[PDB]
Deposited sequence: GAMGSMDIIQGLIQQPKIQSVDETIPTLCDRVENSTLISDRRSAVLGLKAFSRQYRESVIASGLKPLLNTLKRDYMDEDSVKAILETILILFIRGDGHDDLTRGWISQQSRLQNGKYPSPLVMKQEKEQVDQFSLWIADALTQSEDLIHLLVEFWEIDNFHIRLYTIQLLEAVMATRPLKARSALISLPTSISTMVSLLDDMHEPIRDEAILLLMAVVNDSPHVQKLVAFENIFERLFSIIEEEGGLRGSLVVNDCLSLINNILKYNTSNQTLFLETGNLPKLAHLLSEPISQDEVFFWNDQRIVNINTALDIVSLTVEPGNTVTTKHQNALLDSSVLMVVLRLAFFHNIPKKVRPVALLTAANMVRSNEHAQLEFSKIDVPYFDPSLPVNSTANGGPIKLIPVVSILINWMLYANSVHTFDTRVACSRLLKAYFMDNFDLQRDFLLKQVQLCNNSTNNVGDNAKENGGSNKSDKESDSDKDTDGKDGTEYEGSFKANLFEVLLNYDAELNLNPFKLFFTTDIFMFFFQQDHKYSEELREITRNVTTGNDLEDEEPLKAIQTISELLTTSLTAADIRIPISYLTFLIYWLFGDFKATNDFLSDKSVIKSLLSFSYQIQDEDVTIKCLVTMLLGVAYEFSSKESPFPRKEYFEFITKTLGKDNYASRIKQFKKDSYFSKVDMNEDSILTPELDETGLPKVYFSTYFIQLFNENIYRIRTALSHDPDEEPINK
């Protein structure tokens, strides 16, 4: 009745004479496939698969068996015993861009069974030649299921039949739209992480076909199917430089440009929702994939991109007033990938000016150069939901300067003149923030974080003439007191106060500045008054958080490491001063503790962690250290622990 019924039905499936009584047993097995799934798989799968191989020509036979296998795939709680929604969600979760939020051993049993040889897979592919809508569509969905569970075998078996990817791509043209839609899902999966299937699709006019579908479905207005089309374009381009050249050299850039412009080029307002935000962010991400950083052709692709309207539409997206807060950063970051390290792009960038508005705020129209409005937002657009934008502003500027010394050196000199031109007269200045006391700096701590971060950017000692850029910053003049000593007073004032990010930002900046720089160490050592305050601060009762006490003692330590006997506080003496108070044993124990058990130990080594950062119990991002600081430390942890030890 469970175990007399299924074995008997399995029997008639294989051993009946006439194709009718076989098919009929399959219906009977189908009948038991929800309640007795695991038994039917066990007793029934091989016979189901054999009479499929055998009756492959009989449409009713094939339809009933594909229905039975899909039913069997998972034990679903849902209206669809074939679990078809689940299958599409897997295709998207596994291979799709920006997905929105079950499988067992028995699922895997069916997946293995269907990939034992390429026999079954080839057969499934041959079913796309059948005039039956339902067979063509079950075939796709069953392959989505196998692909969701044994991608490697399913893909291997697919590529070993040469036409499969052509006939797969040809399904975009199917008369019945459901087939077009699933086919996008299947191609997403089959193409993902497969240079071979990336090469194979590039031959099939896949970009022209997919843009066509997208324009037919309404571009950004246009729900999942557009999202899926953009997911497939993404998956075809990802880490495939030839695919990327072909994309760029095949008239796809006007069609991206048109798609990205819909919110802008409206006469009538473009309303947004979660879907339209995912669509345009994937569209923007696709631009980014062409300009893979660290790759031979990146500059060639950047120039390709600059040749088209794309930089202008991406930038109009970034500086349009009614752009969603979750799109603005992606626009800016994309603009970064186009401009980064490109003399012509960098130069082109410098010329563009923009109607000013404040993205962070819940009338004459004055225009300002982009560089100034990026700096302005990065420093003063202090709002919970602008933090992703501020970080992107950071990155666009770094991309704008990157590998262009003339622009850096030019930029600093105009920036000091603006600090010394407020002294000459008796908001986008990095020296203003770095060097002046702000009473309300705890209200907007990231202003300093971003400022120290970009200075550490310019100051990298591999930047060919870092020395030139340091010097200009070093001899800056508040009052008669030079940058480092003026920094140190703000540092020492800040230690006492309440927000923990401000000390960390200054402490790490000065450690960064001084490390390797004999002139910077002298300037720091020029006035003991500070060395005394830090040393006194180093003797505190920690209250169970210690990160600053370790940074303070590391700064004393690093400054000792670059001492020399010609220092305003000579090495041999400054040694005694730190040794007699703090001690060699405490010092190396504080450096060790900084790595092992501080906010630095909690650093997320993921280079893009800052784009999707954790919020704390304030609602403020858990961002503390600049990447430059982090590298410098990791890269030289030994020498620093060893500063006082050597002698």
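Colleague: What residue ranges of the deposited sequence are absent from the coordinates?
Modeller: Residues lacking C-alpha coordinates: 1-19, 121-128, 390-396, 461-495, 549-555, 724-731.
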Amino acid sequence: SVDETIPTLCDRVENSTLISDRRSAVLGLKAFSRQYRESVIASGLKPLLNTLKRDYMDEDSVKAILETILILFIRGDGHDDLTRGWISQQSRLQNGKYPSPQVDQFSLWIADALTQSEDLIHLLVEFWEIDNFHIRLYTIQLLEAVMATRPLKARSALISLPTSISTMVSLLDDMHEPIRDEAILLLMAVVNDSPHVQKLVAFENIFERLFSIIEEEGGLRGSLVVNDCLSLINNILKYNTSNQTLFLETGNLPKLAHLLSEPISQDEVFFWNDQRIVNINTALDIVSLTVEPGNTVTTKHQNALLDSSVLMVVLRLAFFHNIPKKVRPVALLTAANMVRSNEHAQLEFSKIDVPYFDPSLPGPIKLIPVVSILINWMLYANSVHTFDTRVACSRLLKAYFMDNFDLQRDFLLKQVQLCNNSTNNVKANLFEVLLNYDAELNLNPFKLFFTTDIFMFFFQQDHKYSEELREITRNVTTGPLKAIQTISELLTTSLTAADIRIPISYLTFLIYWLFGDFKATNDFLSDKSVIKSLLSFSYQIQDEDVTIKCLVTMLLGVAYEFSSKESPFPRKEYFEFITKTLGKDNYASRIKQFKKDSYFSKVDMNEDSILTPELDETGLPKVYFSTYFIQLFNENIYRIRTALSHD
From here on, numbers count along this sequence of modelled residues.
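Colleague: Once you work out the mean C-alpha B-factor for both 444-452 and 413-421 from the entry, which is higher?
Modeller: If you average the C-alpha B-factors of 413-421 and of 444-452, the larger mean comes out for 413-421.
Colleague: Between 40-48 and 590-598, name whichever shows the higher mean Cα B factor according to the PDB entry.
Modeller: Mean B over CA atoms: larger for 590-598.
Colleague: Checking the record values for 297, 143, 220, 484, which has the greatest CA B factor?
Modeller: Comparing C-alpha B-factors across 297, 143, 220, 484, the maximum falls on 297.
Colleague: Can you tell me which of 313, 392, 469, 200 has the maximum CA B-factor listed in the PDB entry?
Modeller: Going by the entry's C-alpha B-factors, 469 comes out highest.
Colleague: Looking at the temperature factor on the CA atom of residue 88, which third of the chain's modelled residues does it land in?
Modeller: It falls in the bottom third of the chain.
Colleague: Quick check on the deposited entry: does the C-alpha B-factor of residue 541 sit in the lowest, middle or highest third of its chain?
Modeller: Ranked within chain, residue 541 CA B lands in the highest tercile.
Colleague: Would you mind checking where the Cα B-factor of residue 54 ranks among the modelled residues of its chain, as the lowest, middle or highest third?
Modeller: CA B-factor rank for residue 54: middle third.
Colleague: For the chain shown, is the CA B-factor of residue 34 in the lowest, middle or highest third of its modelled residues?
Modeller: As the PDB entry reports it, the C-alpha B-factor of residue 34 lands in the middle third of its chain.
Colleague: Consider only the C-alpha atoms of the modelled residues in this chain, order them by B-factor as the entry records it, and name the third containing residue 478: lowest, middle or highest.
Modeller: Answer is highest: the recorded C-alpha B-factor places it there.
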